[PDB]
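Engineer: Once you've seen the sequence and the experimental structure below, I've got questions.
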Amino acid sequence: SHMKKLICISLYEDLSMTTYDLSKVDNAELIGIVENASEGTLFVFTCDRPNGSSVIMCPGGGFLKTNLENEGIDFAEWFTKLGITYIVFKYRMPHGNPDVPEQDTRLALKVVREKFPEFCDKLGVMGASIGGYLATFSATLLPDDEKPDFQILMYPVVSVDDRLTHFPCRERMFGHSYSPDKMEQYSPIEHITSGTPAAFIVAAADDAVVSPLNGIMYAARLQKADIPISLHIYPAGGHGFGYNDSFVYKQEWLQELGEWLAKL
């Protein structure tokens, strides 16, 4: 194992911090820590040999909860092994306030940059499913000086437009307040600009939760804007494969991700 410490930062409780020695913590205790933590908490997994780069993962969970294992802590060993500091974001549920994702991503990026400059030579964000909405929002609708340096998207939602969005997530995000005039201000795919960072995008063509055209058309619009892309659509595997071994393409897509990270 190449992960040393776990530092938990409570963004909405005076940035209160707790630190654990990972060599003394097993997976069952680790699960309890992330489950018991309040919303708006960052879990920072530090490396034995850090290379100065960090990723903030925004898990999926349909704006009901966060998938803190399969789209969270289960990636920690994989990232820290490469010297990449790995941060799982237990973000807040919006509960009808659609500006909560923007508020959470801006604060998470700001705090990570402030507390860990040594790990922010490159600071990227990762997002799975509706977590990819937070990830792509951070890459498009934040100011250039706040945007992350790279973005990793797993079966992301990239729009609130009817054509692409996940309707239960949109309803949880807006309550009854969604209207089509709000589409542009809340759709990252509509805000790709020259500052938008290089992207890694992966999904399965048989995804029955979120149309894989989310990732495909996001990548297509990035490419048209001359933003470098690494795009991988597998024919099968469904939504939410995360780190599961049951995904028949697990080794293939992780090998793609590892090669991509090395060439950043």
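Structural biologist: Nice, thanks for sending it over. Residues are numbered from 1 along each chain as shown.

Engineer: rest of the way, CA atoms for contacts and neighbours
Structural biologist: Fine.

Engineer: Tell me where the longest helix sits in the chain.
Structural biologist: For the chain, the helix that runs over the most residues, judged by DSSP state H, is helix 100-115.

Engineer: buried stuff in it?
Structural biologist: 100-102, 104-106, 108-109, 111-113 (16 or more other C-alpha atoms under 10 Å).

Engineer: got it, and stretch 190-209?
Structural biologist: Neighbour-count burial for stretch 190-209 [16+ other C-alpha under 10 Å]: 190-193, 195-207, 209.

Engineer: same deal with stretch 35-55?
Structural biologist: Residues 38-48, 50-55 are the ones in stretch 35-55 that count as buried (16+ other C-alpha under 10 Å).

Engineer: distance between the ends of it?
Structural biologist: 20 Å (C-alpha to C-alpha, to the nearest Å).

Engineer: quick one: contacts of that stretch?
Structural biologist: By C-alpha atoms under 8 Å, 6 or more residues apart in numbering, the residues outside stretch 35-55 that reach it are 2-12, 34, 68, 76, 80-93, 104, 108, 118-126.

Engineer: which residue ranges form the helices in this protein?
Structural biologist: 27-36, 76-81, 100-115, 131-140, 167-174, 213-224, 250-262.

Engineer: Ok, which of these comes nearest residue 60?
Structural biologist: Closest to residue 60 of the helices of the chain, according to C-alpha to C-alpha: helix 131-140, at 4.8 Å.

Engineer: so how far is that closest one off the chain centroid?
Structural biologist: 7 Å (C-alpha atoms, centre = their mean, to the nearest Å).

Engineer: other SSEs contacting it?
Structural biologist: Judged by 3 or more C-alpha pairs under 8 Å, 6 or more residues apart in numbering; DSSP states H and E, the packing partners of helix 131-140 are strand 53-58, helix 100-115, strand 122-128, strand 150-154.

Engineer: who are the neighbours in contact with residue 207?
Structural biologist: Taking C-alpha under 8 Å, 6+ apart as the test, what residue 207 contacts is 236-239.

Engineer: Out of those, the closest to residue 163 would be?
Structural biologist: residue 239 (18.0 Å).

Engineer: nearest to residue 252, of the helices and strands packed on helix 131-140?
Structural biologist: Here strand 150-154 is closest among the helices and strands packed on helix 131-140 (C-alpha to C-alpha), at 14.1 Å.

Engineer: Residues touching that closest one, excluding its own?
Structural biologist: Looking at what lies outside strand 150-154 - C-alpha under 8 Å, 6+ apart - the contacts are 122-129, 132, 135-136, 139, 197-203, 215, 242.

Engineer: Stretch 256-264 now?
Structural biologist: Contacts of stretch 256-264 (C-alpha under 8 Å, 6+ apart): 200, 230.

Engineer: How far off centre is it?
Structural biologist: 17 Å.

Engineer: I'd guessed residue 105 sits against residue 134; true?
Structural biologist: Yes: in terms of C-alpha atoms under 8 Å, residue 105 counts as a neighbour of residue 134; the distance is 6.6 Å.

Engineer: Turn the buried ones among the contacts of stretch 35-55 into a named PyMOL selection, would you?
Structural biologist: Buried residues within the contacts of stretch 35-55, by 16+ other C-alpha under 10 Å, are selected in PyMOL with:
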select buried, resi 2+3+4+5+6+7+8+9+10+11+34+68+76+80+81+82+83+84+85+86+87+88+89+90+91+92+93+104+108+119+120+122+123+124+125+126
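
Engineer: mind listing what the nearest residue to residue 40 once chain neighbours are set aside touches?
Structural biologist: Distances taken as C-alpha to C-alpha, 6 or more residues apart in numbering put residue 91 closest to residue 40, at 4.6 Å, once the chain neighbours are dropped. Residues in contact with residue 91 (C-alpha under 8 Å, 6+ apart) are 39-41, 58, 66, 101, 104.

Engineer: and which of these is nearest to residue 160?
Structural biologist: Among the contacts of residue 91, and counting by C-alpha to C-alpha, the member closest to residue 160 is residue 101, at 13.0 Å.
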